[PDB]
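The structure file work_25.csv is reproduced below (CSV, N, CA and C atoms).
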```
chain,number,residue,atom,x,y,z
A,4,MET,N,33.3,144.5,150.0
A,4,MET,CA,32.2,145.0,149.1
A,4,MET,C,32.8,145.7,147.9
A,5,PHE,N,32.0,145.9,146.8
A,5,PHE,CA,32.5,146.6,145.7
A,5,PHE,C,31.8,147.9,145.4
A,6,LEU,N,32.6,149.0,145.3
A,6,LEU,CA,32.0,150.3,145.1
A,6,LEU,C,32.1,150.8,143.6
A,7,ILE,N,32.8,150.0,142.8
A,7,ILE,CA,33.3,150.6,141.6
A,7,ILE,C,33.7,149.7,140.5
A,8,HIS,N,33.7,150.1,139.3
A,8,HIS,CA,34.2,149.3,138.2
A,8,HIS,C,35.2,150.1,137.4
A,9,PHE,N,36.4,149.5,137.2
A,9,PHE,CA,37.4,150.3,136.5
A,9,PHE,C,38.2,149.5,135.4
A,10,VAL,N,38.9,150.3,134.6
A,10,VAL,CA,39.5,149.8,133.4
A,10,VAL,C,41.0,149.4,133.3
A,11,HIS,N,41.7,149.4,134.4
A,11,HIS,CA,43.1,148.7,134.4
A,11,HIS,C,44.1,149.4,133.5
A,12,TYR,N,44.7,150.5,133.9
A,12,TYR,CA,45.8,151.0,133.3
A,12,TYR,C,47.1,150.3,133.7
A,13,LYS,N,48.1,150.2,132.8
A,13,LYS,CA,49.4,149.6,133.1
A,13,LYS,C,50.4,150.4,132.2
A,14,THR,N,51.6,150.6,132.7
A,14,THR,CA,52.6,151.2,131.9
A,14,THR,C,53.6,150.2,131.4
A,15,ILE,N,53.5,149.8,130.1
A,15,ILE,CA,54.3,148.7,129.6
A,15,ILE,C,55.6,149.1,128.9
A,16,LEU,N,55.9,150.4,129.1
A,16,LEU,CA,57.0,151.1,128.3
A,16,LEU,C,58.3,150.4,128.6
A,17,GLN,N,58.9,150.0,127.4
A,17,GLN,CA,60.2,149.2,127.4
A,17,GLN,C,61.4,150.1,127.4
A,18,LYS,N,61.3,151.4,127.7
A,18,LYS,CA,62.2,152.4,127.2
A,18,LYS,C,63.7,152.1,127.3
A,19,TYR,N,64.1,151.2,128.2
A,19,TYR,CA,65.4,150.7,128.2
A,19,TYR,C,65.7,149.4,127.5
A,20,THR,N,66.9,149.3,126.9
A,20,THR,CA,67.2,148.0,126.1
A,20,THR,C,68.5,147.4,126.6
A,21,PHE,N,68.4,146.2,127.2
A,21,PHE,CA,69.6,145.5,127.6
A,21,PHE,C,69.7,144.1,126.8
A,22,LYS,N,70.6,144.0,125.9
A,22,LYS,CA,70.8,142.8,125.1
A,22,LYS,C,72.2,142.3,125.4
A,23,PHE,N,72.4,141.1,125.9
A,23,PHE,CA,73.7,140.6,126.2
A,23,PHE,C,74.0,139.4,125.3
A,24,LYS,N,75.2,139.5,124.6
A,24,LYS,CA,75.6,138.5,123.7
A,24,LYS,C,75.7,137.1,124.4
A,25,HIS,N,75.2,136.1,123.8
A,25,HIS,CA,75.4,134.8,124.4
A,25,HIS,C,76.8,134.4,124.2
A,26,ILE,N,77.4,133.5,125.0
A,26,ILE,CA,78.8,133.2,125.0
A,26,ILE,C,79.4,132.8,123.6
A,27,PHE,N,78.6,131.9,122.9
A,27,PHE,CA,79.1,131.3,121.7
A,27,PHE,C,79.3,132.3,120.5
A,28,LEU,N,79.0,133.5,120.7
A,28,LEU,CA,79.3,134.5,119.7
A,28,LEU,C,80.8,134.8,119.6
A,29,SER,N,81.5,134.6,120.7
A,29,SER,CA,83.0,134.9,120.8
A,29,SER,C,83.9,133.6,120.7
A,30,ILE,N,83.3,132.4,120.6
A,30,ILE,CA,84.1,131.2,120.5
A,30,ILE,C,85.0,131.2,119.3
A,31,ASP,N,86.1,130.4,119.3
A,31,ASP,CA,87.0,130.4,118.2
A,31,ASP,C,86.5,129.5,117.1
A,32,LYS,N,87.0,129.8,115.9
A,32,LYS,CA,86.9,128.9,114.8
A,32,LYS,C,88.3,128.8,114.1
A,33,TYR,N,88.5,127.9,113.2
A,33,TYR,CA,89.7,127.8,112.5
A,33,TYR,C,89.6,128.5,111.1
A,34,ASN,N,90.3,129.6,110.9
A,34,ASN,CA,90.3,130.3,109.7
A,34,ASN,C,91.6,130.1,108.9
A,35,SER,N,91.5,130.2,107.6
A,35,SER,CA,92.7,130.0,106.8
A,35,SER,C,92.9,131.0,105.7
A,36,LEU,N,94.1,131.3,105.4
A,36,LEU,CA,94.4,132.0,104.1
A,36,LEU,C,94.1,131.0,103.0
A,37,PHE,N,93.7,131.5,101.9
A,37,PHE,CA,93.4,130.6,100.7
A,37,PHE,C,93.9,131.1,99.4
A,38,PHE,N,94.8,130.3,98.8
A,38,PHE,CA,95.3,130.7,97.4
A,38,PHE,C,94.9,129.6,96.5
A,39,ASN,N,95.0,129.8,95.2
A,39,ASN,CA,94.7,128.7,94.2
A,39,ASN,C,95.9,127.8,94.1
A,40,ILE,N,95.6,126.5,94.3
A,40,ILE,CA,96.6,125.5,94.3
A,40,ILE,C,97.1,125.2,92.9
A,41,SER,N,98.4,125.5,92.6
A,41,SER,CA,98.9,125.2,91.3
A,41,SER,C,99.3,123.7,91.1
A,42,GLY,N,99.7,123.1,92.2
A,42,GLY,CA,100.1,121.7,92.1
A,42,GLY,C,100.2,120.9,93.4
A,43,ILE,N,100.3,119.6,93.4
A,43,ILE,CA,100.4,118.8,94.6
A,43,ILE,C,101.4,117.6,94.4
A,44,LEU,N,102.2,117.3,95.4
A,44,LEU,CA,103.0,116.1,95.4
A,44,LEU,C,102.7,115.3,96.6
A,45,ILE,N,102.2,114.0,96.4
A,45,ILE,CA,102.1,113.2,97.6
A,45,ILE,C,103.1,112.0,97.6
A,46,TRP,N,103.6,111.7,98.7
A,46,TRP,CA,104.5,110.5,98.8
A,46,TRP,C,104.2,109.8,100.1
A,47,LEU,N,103.9,108.5,100.1
A,47,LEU,CA,103.9,107.7,101.3
A,47,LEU,C,104.7,106.3,101.0
A,48,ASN,N,104.0,105.4,100.3
A,48,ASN,CA,104.7,104.3,99.7
A,48,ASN,C,105.3,104.5,98.3
A,49,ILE,N,104.6,105.3,97.6
A,49,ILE,CA,104.9,105.6,96.2
A,49,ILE,C,104.6,107.0,95.8
A,50,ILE,N,105.5,107.7,95.1
A,50,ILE,CA,105.3,109.1,94.9
A,50,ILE,C,104.3,109.3,93.8
A,51,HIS,N,103.4,110.4,93.9
A,51,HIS,CA,102.4,110.7,92.9
A,51,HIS,C,102.4,112.2,92.7
A,52,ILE,N,102.4,112.7,91.5
A,52,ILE,CA,102.3,114.1,91.3
A,52,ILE,C,101.1,114.6,90.5
A,53,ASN,N,100.5,115.6,91.0
A,53,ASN,CA,99.4,116.2,90.2
A,53,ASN,C,99.7,117.6,89.9
A,54,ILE,N,99.6,118.0,88.6
A,54,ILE,CA,99.8,119.4,88.3
A,54,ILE,C,98.6,120.1,87.7
A,55,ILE,N,98.0,121.0,88.4
A,55,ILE,CA,96.8,121.7,88.0
A,55,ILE,C,97.1,122.8,87.0
A,56,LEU,N,98.1,123.6,87.4
A,56,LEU,CA,98.5,124.8,86.6
A,56,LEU,C,100.0,124.9,86.6
A,57,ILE,N,100.6,125.0,85.4
A,57,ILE,CA,102.1,125.2,85.4
A,57,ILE,C,102.4,126.7,85.3
A,58,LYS,N,102.9,127.2,86.4
A,58,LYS,CA,103.5,128.6,86.5
A,58,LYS,C,104.6,128.6,87.4
A,59,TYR,N,105.4,129.6,87.4
A,59,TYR,CA,106.5,129.8,88.4
A,59,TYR,C,105.8,129.9,89.8
A,60,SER,N,106.1,129.0,90.7
A,60,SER,CA,105.5,128.9,92.0
A,60,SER,C,106.1,129.9,93.0
A,61,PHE,N,105.2,130.8,93.5
A,61,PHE,CA,105.7,131.8,94.4
A,61,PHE,C,105.7,131.4,95.9
A,62,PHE,N,105.1,130.3,96.2
A,62,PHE,CA,105.0,129.8,97.6
A,62,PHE,C,104.9,128.3,97.7
A,63,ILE,N,105.5,127.7,98.7
A,63,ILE,CA,105.5,126.2,98.8
A,63,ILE,C,105.3,125.7,100.2
A,64,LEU,N,104.3,124.8,100.4
A,64,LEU,CA,104.0,124.2,101.7
A,64,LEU,C,104.4,122.7,101.8
A,65,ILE,N,104.9,122.4,102.9
A,65,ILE,CA,105.3,121.0,103.2
A,65,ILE,C,104.6,120.5,104.5
A,66,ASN,N,104.1,119.4,104.4
A,66,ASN,CA,103.2,118.9,105.5
A,66,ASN,C,103.5,117.4,105.7
A,67,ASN,N,103.9,117.1,106.9
A,67,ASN,CA,104.3,115.7,107.1
A,67,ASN,C,103.4,114.7,107.8
A,68,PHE,N,102.1,115.1,108.1
A,68,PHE,CA,101.5,114.3,109.2
A,68,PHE,C,101.2,112.9,109.0
A,69,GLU,N,100.5,112.5,107.9
A,69,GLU,CA,100.3,111.1,107.7
A,69,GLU,C,101.2,110.7,106.5
A,70,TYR,N,100.9,111.2,105.4
A,70,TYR,CA,101.7,111.1,104.1
A,70,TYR,C,102.5,112.4,104.0
A,71,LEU,N,103.7,112.3,103.3
A,71,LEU,CA,104.4,113.5,103.0
A,71,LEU,C,103.6,114.2,101.9
A,72,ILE,N,103.3,115.5,102.1
A,72,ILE,CA,102.6,116.2,101.0
A,72,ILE,C,103.2,117.5,100.8
A,73,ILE,N,103.3,117.9,99.5
A,73,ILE,CA,103.8,119.2,99.2
A,73,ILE,C,102.9,120.0,98.3
A,74,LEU,N,102.3,121.1,98.8
A,74,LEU,CA,101.3,121.9,98.1
A,74,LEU,C,102.0,123.0,97.4
A,75,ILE,N,102.0,123.0,96.1
A,75,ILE,CA,102.8,124.0,95.3
A,75,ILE,C,102.0,125.2,94.8
A,76,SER,N,102.5,126.4,95.1
A,76,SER,CA,101.9,127.7,94.9
A,76,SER,C,100.6,127.8,95.7
A,77,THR,N,100.5,127.1,96.8
A,77,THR,CA,99.2,126.7,97.4
A,77,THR,C,98.3,127.8,97.8
B,60,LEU,N,118.6,133.7,84.3
B,60,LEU,CA,117.7,133.9,85.5
B,60,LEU,C,116.9,132.6,85.8
B,61,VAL,N,117.0,132.2,87.1
B,61,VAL,CA,116.1,131.2,87.7
B,61,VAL,C,114.8,131.8,88.3
B,62,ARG,N,115.0,133.0,88.9
B,62,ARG,CA,113.9,133.7,89.6
B,62,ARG,C,114.0,135.2,89.1
B,63,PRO,N,112.9,135.9,89.3
B,63,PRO,CA,112.7,137.3,88.8
B,63,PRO,C,113.9,138.2,89.2
B,64,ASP,N,114.3,139.1,88.4
B,64,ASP,CA,115.5,139.9,88.7
B,64,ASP,C,115.1,141.1,89.5
B,65,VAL,N,115.4,141.0,90.8
B,65,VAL,CA,114.8,141.9,91.8
B,65,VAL,C,115.9,142.0,92.9
B,66,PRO,N,115.9,143.0,93.7
B,66,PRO,CA,116.9,143.1,94.8
B,66,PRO,C,116.7,141.9,95.7
B,67,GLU,N,117.8,141.2,96.1
B,67,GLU,CA,117.7,139.9,96.7
B,67,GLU,C,117.1,139.9,98.1
B,68,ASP,N,117.0,141.0,98.8
B,68,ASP,CA,116.4,141.2,100.1
B,68,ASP,C,115.0,140.6,100.1
B,69,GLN,N,114.4,140.5,98.9
B,69,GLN,CA,113.0,140.0,98.8
B,69,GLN,C,113.0,138.5,98.8
B,70,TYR,N,114.2,137.9,98.7
B,70,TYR,CA,114.2,136.4,98.7
B,70,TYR,C,114.7,135.8,100.0
B,71,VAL,N,114.2,134.6,100.3
B,71,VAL,CA,114.6,133.8,101.5
B,71,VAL,C,115.0,132.4,101.0
B,72,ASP,N,116.1,131.9,101.5
B,72,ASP,CA,116.5,130.6,101.2
B,72,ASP,C,115.7,129.6,102.0
B,73,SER,N,114.9,128.8,101.2
B,73,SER,CA,113.8,128.1,101.9
B,73,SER,C,114.3,127.0,102.8
B,74,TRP,N,113.6,126.7,103.9
B,74,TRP,CA,113.9,125.6,104.7
B,74,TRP,C,113.4,124.3,104.0
B,75,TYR,N,114.2,123.3,104.0
B,75,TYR,CA,113.7,122.0,103.5
B,75,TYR,C,113.5,121.8,102.0
B,76,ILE,N,113.6,122.9,101.3
B,76,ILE,CA,113.4,122.9,99.8
B,76,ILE,C,114.6,123.6,99.2
B,77,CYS,N,115.1,123.0,98.1
B,77,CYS,CA,116.2,123.7,97.5
B,77,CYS,C,115.6,124.6,96.5
B,78,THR,N,115.5,125.9,96.9
B,78,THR,CA,114.8,126.9,96.2
B,78,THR,C,114.7,128.1,97.1
B,79,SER,N,114.5,129.3,96.5
B,79,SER,CA,114.2,130.5,97.3
B,79,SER,C,112.8,130.8,97.1
B,80,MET,N,112.3,131.6,98.1
B,80,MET,CA,110.9,132.0,98.0
B,80,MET,C,110.9,133.5,98.4
B,81,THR,N,109.7,134.2,98.2
B,81,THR,CA,109.6,135.6,98.4
B,81,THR,C,109.0,135.8,99.8
B,82,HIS,N,109.6,136.7,100.6
B,82,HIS,CA,109.1,136.8,102.0
B,82,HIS,C,107.8,137.6,102.1
B,83,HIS,N,107.3,138.1,100.9
B,83,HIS,CA,106.0,138.6,100.8
B,83,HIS,C,105.4,137.8,99.7
B,84,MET,N,104.4,137.0,99.9
B,84,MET,CA,104.0,136.0,98.9
B,84,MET,C,103.8,136.7,97.6
B,85,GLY,N,104.7,136.4,96.6
B,85,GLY,CA,104.4,136.8,95.3
B,85,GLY,C,104.4,138.2,94.9
B,86,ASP,N,104.4,139.2,95.8
B,86,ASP,CA,104.5,140.6,95.4
B,86,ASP,C,105.9,140.8,95.0
B,87,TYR,N,106.1,141.8,94.1
B,87,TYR,CA,107.5,142.1,93.7
B,87,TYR,C,107.7,143.5,93.6
B,88,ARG,N,108.7,144.1,94.1
B,88,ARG,CA,109.1,145.5,93.9
B,88,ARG,C,110.3,145.5,93.0
B,89,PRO,N,110.3,146.2,91.9
B,89,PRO,CA,111.4,146.4,91.0
B,89,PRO,C,112.6,147.1,91.7
B,90,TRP,N,113.8,147.1,91.1
B,90,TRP,CA,115.0,147.7,91.6
B,90,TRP,C,114.8,149.2,91.9
B,91,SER,N,114.0,149.8,91.0
B,91,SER,CA,113.8,151.3,91.0
B,91,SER,C,113.2,151.7,92.4
B,92,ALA,N,112.5,150.8,93.1
B,92,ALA,CA,111.9,151.1,94.4
B,92,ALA,C,112.8,151.0,95.6
B,93,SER,N,114.0,150.5,95.4
B,93,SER,CA,115.0,150.4,96.4
B,93,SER,C,115.8,151.7,96.6
B,94,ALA,N,116.2,152.3,95.5
B,94,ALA,CA,116.9,153.6,95.4
B,94,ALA,C,116.0,154.8,95.5
B,95,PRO,N,116.6,156.0,95.8
B,95,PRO,CA,115.9,157.3,95.5
B,95,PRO,C,115.5,157.4,94.1
B,96,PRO,N,114.5,158.3,93.8
B,96,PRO,CA,114.1,158.6,92.4
B,96,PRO,C,115.3,158.9,91.5
B,97,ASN,N,115.3,158.2,90.3
B,97,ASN,CA,116.3,158.4,89.3
B,97,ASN,C,117.7,158.4,89.8
B,98,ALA,N,118.0,157.3,90.6
B,98,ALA,CA,119.3,157.1,91.2
B,98,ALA,C,120.2,156.4,90.2
B,99,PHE,N,121.4,157.1,89.9
B,99,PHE,CA,122.3,156.5,89.0
B,99,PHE,C,122.8,155.1,89.5
B,100,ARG,N,122.6,154.0,88.7
B,100,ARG,CA,123.0,152.7,89.1
B,100,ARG,C,122.5,152.3,90.5
B,101,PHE,N,121.3,152.0,90.6
B,101,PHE,CA,120.5,152.4,91.8
B,101,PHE,C,121.4,152.4,93.0
B,102,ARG,N,121.4,153.5,93.6
B,102,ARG,CA,122.5,153.9,94.5
B,102,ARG,C,121.9,154.8,95.6
B,103,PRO,N,122.3,154.7,96.8
B,103,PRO,CA,121.8,155.6,97.9
B,103,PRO,C,122.0,157.0,97.5
B,104,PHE,N,123.2,157.3,96.9
B,104,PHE,CA,123.6,158.6,96.4
B,104,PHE,C,124.5,158.5,95.2
B,105,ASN,N,124.4,159.4,94.2
B,105,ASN,CA,125.0,159.1,92.9
B,105,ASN,C,126.5,159.4,92.9
B,106,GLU,N,127.0,160.1,93.8
B,106,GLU,CA,128.4,160.6,93.7
B,106,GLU,C,129.5,159.5,93.6
B,107,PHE,N,129.3,158.5,94.5
B,107,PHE,CA,130.3,157.4,94.6
B,107,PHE,C,129.7,156.0,94.8
B,108,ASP,N,130.4,155.0,94.4
B,108,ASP,CA,130.2,153.6,94.8
B,108,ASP,C,130.4,153.4,96.3
B,109,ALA,N,130.0,152.3,96.8
B,109,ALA,CA,130.1,152.0,98.3
B,109,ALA,C,131.4,152.3,98.9
B,110,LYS,N,132.5,151.8,98.3
B,110,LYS,CA,133.9,152.1,98.9
B,110,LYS,C,134.2,153.6,98.8
B,111,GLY,N,133.9,154.2,97.7
B,111,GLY,CA,134.1,155.6,97.4
B,111,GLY,C,133.4,156.4,98.5
B,112,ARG,N,132.2,156.0,98.9
B,112,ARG,CA,131.5,156.7,100.0
B,112,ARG,C,132.2,156.5,101.3
B,113,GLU,N,132.6,155.3,101.6
B,113,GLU,CA,133.4,155.0,102.8
B,113,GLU,C,134.6,155.9,102.9
B,114,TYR,N,135.5,155.9,101.9
B,114,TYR,CA,136.8,156.7,102.2
B,114,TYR,C,136.6,158.2,102.0
B,115,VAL,N,135.6,158.6,101.2
B,115,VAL,CA,135.3,160.0,101.2
B,115,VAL,C,134.9,160.4,102.6
B,116,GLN,N,134.1,159.6,103.2
B,116,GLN,CA,133.6,159.9,104.6
B,116,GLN,C,134.8,160.0,105.6
B,117,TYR,N,135.6,159.0,105.6
B,117,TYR,CA,136.8,159.0,106.4
B,117,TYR,C,137.5,160.2,106.3
```
Let's see the structure in the file written out as structure tokens.
Amino acid sequence: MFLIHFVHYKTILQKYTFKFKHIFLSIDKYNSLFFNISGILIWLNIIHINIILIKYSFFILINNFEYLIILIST
Amino acid sequence: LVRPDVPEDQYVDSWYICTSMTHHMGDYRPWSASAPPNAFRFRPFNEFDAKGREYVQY
């Protein structure tokens, strides 16, 4: 039987906060140092030189993977 | 001069390239920064040259 009619209180208080980072926030990426390329030399069958900026080059990279390439002041 | 006139400790003889490079990319410290302030002929100490220092010490 029913004796009464009432209004339904509830305590919805969130007072605690637990947020956990999903895994992919910590995954790696590939980051690189970046300087302005002053020049480039490519050689595979035939050598080719491109010069963007002529200055005394303070750093030089050599990379052999497919074609021989030399990145000047890179 | 082929390369800036600087104490040679700043240079490295490059692998695979006939050339020297700077072991700090492109930064340069002048001779004055190797010696003490106002060091005669930039010198650890002004009294003597390297050998003079050796045999005085002995």
**Message:** Could you list, as a list in words, every residue within 8 Å of stretch 35-46 of chain A, counting only N, CA and C atoms and ignoring same-chain residues fewer than 4 positions away?
**Reply:** residues 50, 51, 52, 53, 54, 55, 56, 57, 58, 60, 69, 70, 71, 72, 73, 74, 75, 76 and 77 of chain A
Write the residues of the preceding selection, restricted to N, CA and C atoms, as a tab-separated table (two decimals), in the frame of the given file.
```tsv
chain	number	residue	atom	x	y	z
A	50	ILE	N	105.50	107.70	95.10
A	50	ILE	CA	105.30	109.10	94.90
A	50	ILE	C	104.30	109.30	93.80
A	51	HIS	N	103.40	110.40	93.90
A	51	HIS	CA	102.40	110.70	92.90
A	51	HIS	C	102.40	112.20	92.70
A	52	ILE	N	102.40	112.70	91.50
A	52	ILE	CA	102.30	114.10	91.30
A	52	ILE	C	101.10	114.60	90.50
A	53	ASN	N	100.50	115.60	91.00
A	53	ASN	CA	99.40	116.20	90.20
A	53	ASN	C	99.70	117.60	89.90
A	54	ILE	N	99.60	118.00	88.60
A	54	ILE	CA	99.80	119.40	88.30
A	54	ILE	C	98.60	120.10	87.70
A	55	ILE	N	98.00	121.00	88.40
A	55	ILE	CA	96.80	121.70	88.00
A	55	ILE	C	97.10	122.80	87.00
A	56	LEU	N	98.10	123.60	87.40
A	56	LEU	CA	98.50	124.80	86.60
A	56	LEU	C	100.00	124.90	86.60
A	57	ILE	N	100.60	125.00	85.40
A	57	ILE	CA	102.10	125.20	85.40
A	57	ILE	C	102.40	126.70	85.30
A	58	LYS	N	102.90	127.20	86.40
A	58	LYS	CA	103.50	128.60	86.50
A	58	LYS	C	104.60	128.60	87.40
A	60	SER	N	106.10	129.00	90.70
A	60	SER	CA	105.50	128.90	92.00
A	60	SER	C	106.10	129.90	93.00
A	69	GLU	N	100.50	112.50	107.90
A	69	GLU	CA	100.30	111.10	107.70
A	69	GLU	C	101.20	110.70	106.50
A	70	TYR	N	100.90	111.20	105.40
A	70	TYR	CA	101.70	111.10	104.10
A	70	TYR	C	102.50	112.40	104.00
A	71	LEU	N	103.70	112.30	103.30
A	71	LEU	CA	104.40	113.50	103.00
A	71	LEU	C	103.60	114.20	101.90
A	72	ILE	N	103.30	115.50	102.10
A	72	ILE	CA	102.60	116.20	101.00
A	72	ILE	C	103.20	117.50	100.80
A	73	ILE	N	103.30	117.90	99.50
A	73	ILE	CA	103.80	119.20	99.20
A	73	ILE	C	102.90	120.00	98.30
A	74	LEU	N	102.30	121.10	98.80
A	74	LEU	CA	101.30	121.90	98.10
A	74	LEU	C	102.00	123.00	97.40
A	75	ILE	N	102.00	123.00	96.10
A	75	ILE	CA	102.80	124.00	95.30
A	75	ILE	C	102.00	125.20	94.80
A	76	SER	N	102.50	126.40	95.10
A	76	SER	CA	101.90	127.70	94.90
A	76	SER	C	100.60	127.80	95.70
A	77	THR	N	100.50	127.10	96.80
A	77	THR	CA	99.20	126.70	97.40
A	77	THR	C	98.30	127.80	97.80
```
Find the nearest atom pair between each residue of chain B and chain A for residues within 10 Å, count only C-alpha atoms, give distances in Å to one decimal, sort rows by chain and ascending number, and present the table as a tab-separated table.
```
residue	atom	partner	partner_atom	distance
B:61	CA	A:59	CA	9.7
B:62	CA	A:59	CA	8.5
B:63	CA	A:59	CA	9.7
B:73	CA	A:63	CA	9.1
B:74	CA	A:65	CA	9.9
B:75	CA	A:65	CA	8.5
B:76	CA	A:63	CA	8.6
B:78	CA	A:63	CA	9.7
B:79	CA	A:61	CA	9.1
B:80	CA	A:62	CA	6.3
B:81	CA	A:61	CA	6.8
B:82	CA	A:62	CA	9.2
B:83	CA	A:61	CA	9.3
B:84	CA	A:61	CA	6.4
B:85	CA	A:61	CA	5.2
B:86	CA	A:61	CA	8.9
```
**Request:** If you run DSSP over the backbone, which residues in chain B end up alpha helix (DSSP H)? Put them as an MDAnalysis selection string.
**Result:** chainID B and resid 109:116
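The residues of chain A that DSSP classifies as strand (DSSP E or B), using the backbone of this structure, are residues 42, 43, 44, 45, 46, 50, 51, 52, 53, 54, 63, 64, 65, 66, 71, 72, 73, 74 and 75 of chain A.
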**Prompt:** What does the distance between atom CA of residue B:116 and atom CA of residue B:65 come to in Å, to one decimal place?
**Reply:** 29.0 Å
**Asked** So what do you get for atom N of residue B:64 versus atom C of residue B:88, distance-wise?
**Response** 8.8 Å
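Straight-line separation from atom C of residue A:47 to atom C of residue B:77: 21.8 Å.
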